[PDB]
Amino acid sequence: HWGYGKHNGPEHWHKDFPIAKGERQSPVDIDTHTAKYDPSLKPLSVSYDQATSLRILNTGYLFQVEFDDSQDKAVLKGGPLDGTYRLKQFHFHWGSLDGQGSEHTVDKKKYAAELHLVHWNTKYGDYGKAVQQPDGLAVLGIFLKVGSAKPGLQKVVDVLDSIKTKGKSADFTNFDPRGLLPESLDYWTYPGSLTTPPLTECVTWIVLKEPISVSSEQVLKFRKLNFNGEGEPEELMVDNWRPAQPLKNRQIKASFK
Ligand SMILES: NS(=O)(=O)c1c(F)c(F)c(S(=O)(=O)CCO)c(NC2CCCCCCC2)c1F
Ligand SMILES: [Zn+2]
């Protein structure tokens, strides 16, 4: 099965998922000098006041916080997007060391982690149909750098010991994702893909320019998760990021400058 190791990591995924070598794969390096300011882009509309978090889950590759997406409670609109995208979940990718962990890079810089808020286009009715479409998902990506703590992240960090191993979940109600956002909503955007199998090319990526600051202790706690299930040898969950992929025939657009 796929994963992040020597024998089943990103460089092997193409054998099961040939789209790994496709024309719109993610993540990518964001060359800030060659990204084009697009005056016709709109401000993002991030409408998260009615978000209903449900559950946090160790998938065996990362952890994710899941929301009620059975109605338009928390939605993403505007920016490069046509229509209404419903928040389904968020998750992170992170490293074994503070200078790696992000999927996107900025002028080749890697951050300690990257937060992904996954949304699906409500014109397709359910998320499983939306993944079959070139404009089915919108993922909002936010970089994490190590510095001062992020208070809005601490509820997430504190529950991780209850979901140490693959397949564990825990109630995670009443969490407000607005606490994970930086001050600015300046962004880059480009068409891309899931960054894990099945690597489907169904994502409009919106990557915020401003990272959030998390403490060394918050990220250390991410690295205490396990890829393995309970009752199996411990494999620390670190380095669950895909490296930058070829940009090919794509332009990254900037909402700013
Ligand atoms: N980085 S990412 O946002 O492209 C991404 C993941 F890294 C990721 F691991 C997941 S996953 O845990 O579900 C593993 C399977 O790819 C999703 N989740 C979305 C993509 C999965 C298909 C259904 C669409 C909505 C969830 C996912 F979108
Ligand atoms: Zn992701």
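Residues numbered from 1 in each chain as written, not as in the entry; some residues may be left out. Chains lettered and ligands numbered in written order. Heavy atoms only, no water. Residues with missing side-chain atoms left out of burial classes, pairs and counts.

The name that the PDB entry assigns to the chain is Carbonic anhydrase 2, with the source organism given as Homo sapiens. UniProt lists a comment for the chain under the heading Subunit (literature references left out), and it reads "Interacts with SLC4A4. Interaction with SLC4A7 regulates SLC4A7 transporter activity. Interacts with SLC26A6 isoform 4 (via C-terminus cytoplasmic domain)." UniProt, in the comment section headed Sequence similarities, describes the chain in these words: "Belongs to the alpha-carbonic anhydrase family." (UniProt positions renumbered as here; feature names shortened; annotations may be inferred.)

Undergrad: Quick question: what am I supposed to make of the coordination of the zinc ion (ligand 2) here?
TA: Six octahedral donors around a metal ideally subtend angles of 90 or 180 degrees, whereas four tetrahedral donors ideally subtend 109.5 degrees. Taken together, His91 (NE2), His93 (NE2) and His116 (ND1) make up the full set of protein donors to the zinc ion (ligand 2), lying 2.0 Å away. Around the zinc ion (ligand 2) sit 4 donor atoms, and with donor-metal-donor angles ranging over 102 to 115° the site reads as tetrahedral. Sequence spacing of the donor residues for the zinc ion (ligand 2), all on one chain, is H-x1-H-x22-H. Here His93 is found in strand β7 (residues 85-94), whereas its partner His116 is found in strand β9 (residues 113-121), with 23 residues between them in sequence. (Donors = N, O, S within 2.8 Å, 3.2 Å for Na, K, Ca; no water. Tetrahedral: all angles 85-135°; square planar, octahedral: opposite > 155°, others 65-115°. Helix = DSSP H or I, 4+ residues; strand = E, 2+ residues; numbered from the N terminus.)

Undergrad: Sorry, what's going on with the environment of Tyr190 here?
TA: The topology assignment puts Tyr190 in strand β12 (residues 187-192). When its relative accessible area of 2% is taken as the criterion, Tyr190 is described as buried. Taking the C-alpha atoms as reference points, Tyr190 and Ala254, separated by 64 residues in sequence, lie 9.3 Å from one another. Discounting chain neighbours no more than four positions away, the residues touching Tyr190 are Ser26, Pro27, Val28, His104, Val203, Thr204, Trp205, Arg250, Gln251 and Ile252. Within the structure, the side chain of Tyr190 is placed 2.8 Å from the side chain of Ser26, a separation counted as a polar contact. (Buried < 20%, exposed > 50% of the residue type's maximum accessible area, 1.4 Å probe, protein only. Contact = heavy atoms within 4.5 Å. Polar contact = N/O pair within 3.5 Å; in protein donor to acceptor, adjacent residues only side chain to side chain.)

Undergrad: Help me understand the packing of aromatic side chains in this model?
TA: The description of an aromatic ring pair uses the distance of the two centres, along with the angle that the planes make with each other. Under the definition given, this model contains 15 aromatic pairs. Each ring, one from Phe63 and one from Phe92, has its centre 5.3 Å from the other, and the planes form 35°; the classification is tilted. Note that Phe63 is positioned in strand β5 (residues 63-67) and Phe92 in strand β7, a separation of 29 residues in sequence. Each of the two residues, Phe63 as well as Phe92, counts as buried. Note on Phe172 and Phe175: the rings are 5.3 Å apart at their centroids and 35° apart in plane angle, and the pair reads as tilted. Here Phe172 matches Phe175 in class, with each residue buried. Pairwise contacts between aromatic rings join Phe63, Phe67, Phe90, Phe92, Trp94, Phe172, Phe175 and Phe222 into one cluster. If you follow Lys109 out to its NZ or CZ, it ends over the ring of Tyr111, 4.9 Å from the centre. The ring of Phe256 carries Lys209 above its face, with NZ or CZ at 5.9 Å from the centroid. (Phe/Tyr/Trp six-rings, centres within 6.5 Å; stacked < 30°, edge-to-face > 60°. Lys NZ or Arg CZ within 6 Å of the ring centre and 35° of its normal.)

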